[PDB]
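No Cβ is skipped: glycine too gets one built from the backbone with ideal geometry, and neighbour counts run over all protein chains shown. Computed from the coordinates by the stated procedures, all read-outs in this text should not be read as laboratory data.
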Ligand SMILES: [Zn+2]
């Protein structure tokens, strides 16, 4: 069983903040005024662009994509770009990826905001799974991720106008407006 | 008392360059170490070695 | 040496996995992962290894 603690030991209080210090470190209690380890872990010093990754759906890896001017890829580029293009057929690779790439195309075109524009696309990936009367049409639940995506600020909507844009503003929009109300009340 | 050698005296334009001592007096005595190496950190803004 | 080095071992059959201290984590924000590079390639090794066992 994982128990992790910094209790002073000498005068257990159970328990109090011990300081993070500024230079010395080690979190000496303002009570027994002793030590605990040496710290030595700077969290401020995260991996910058100069390795860090902020994944929202599963876990990102990447493959190939060679372009370093050392030795020309030519023959080998097509050797590996074909070989990685064969692998994205093994276990239902398409679906989430297709959804998120088509998602960034429909929003960028209407210039939807990234901070909350991307937020609704996470909601779609939660809505594409779970099986609650979706009567899924792809376009339908996309108008939910077009509404919550515009919820950042009224960037493009005026959500009704973006509804009046393109296709399917009626009964199929109704199925979707309901799905969002059910997802919001879902703890 | 007078000075036995007369001196070269007069105005001359001087610039005040940046990099002032107070902006450079780093001194550490054991502190925050890196995660990967457990070796002291770099830069004086992080209180490094 | 026959004991410490056989030629049959220049070829990798079984690959050792380096622990978390070689390849640390923690990020910049504090609500997401923030992983290491080695881990990425180890995941790439695994996918490439799994899809192979799949076909055979
Ligand atoms: Zn104490």
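Summary of values
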| item | result |
| --- | --- |
| Global geometry of segment A:33-187, whether rounded, prolate or oblate, following the gyration tensor of its Cα atoms and the 1.5 cut on a/c | oblate |
| Tensor-based shape of segment A:90-145 (alpha-carbon gyration tensor, a/c under 1.5 rounded, otherwise prolate or oblate) | oblate |
| On Cα atoms only, tilt of C:37-55 relative to the major axis of chain C in degrees | 60 |
| Measure of compaction for segment A:98-187 (Cα Rg per 2.2 N^0.38 Å) | 0.99 |
| For segment A:118-171: relative contact order, % (alpha-carbon pairs under 8 angstrom, 6 or more apart) | 37 |
| Burial ordering of C:52, B:3, A:36, fewest other beta-carbon atoms within 10 Å first | B:3, C:52, A:36 |
| Kirkwood Rh (inverse of mean 1/r, distinct Cα pairs), chain C, angstrom | 14.3 |
| Between segment A:20-39 and segment C:1-50, the Cα center-to-center distance that results, in Å | 35 |
| Neighbour-count ranking [beta-carbon atoms within 10 angstrom, fewest first] of A:179, B:25 | B:25, A:179 |
| Residue exposure sequence - C:55, A:112, A:2, C:38 - by fewest surrounding Cβ within 10 Å | A:2, C:55, C:38, A:112 |
| Two-decimal log10 I(q)/I(0) for segment A:1-91, as the Debye equation yields it once each C-alpha is a single scatterer, q = 0.15, 0.18, 0.20, 0.22 Å⁻¹ | -0.79, -0.97, -1.07, -1.13 |
| Distribution of pairwise C-alpha distances over the protein assembly as shown, 10 Å bins, in % | 4, 14, 18, 18, 19, 14, 6, 3, 2, 1, 0 |
| Chain B - Kirkwood radius from inverse mean 1/r over Cα pairs (Å) | 15.4 |
| The protein assembly as shown - mean residue ellipticity at 222 nm from DSSP helices (-39,500 (n - 2.57) per run, n ≥ 4, rounded to 500) | -8500 deg cm²/dmol |
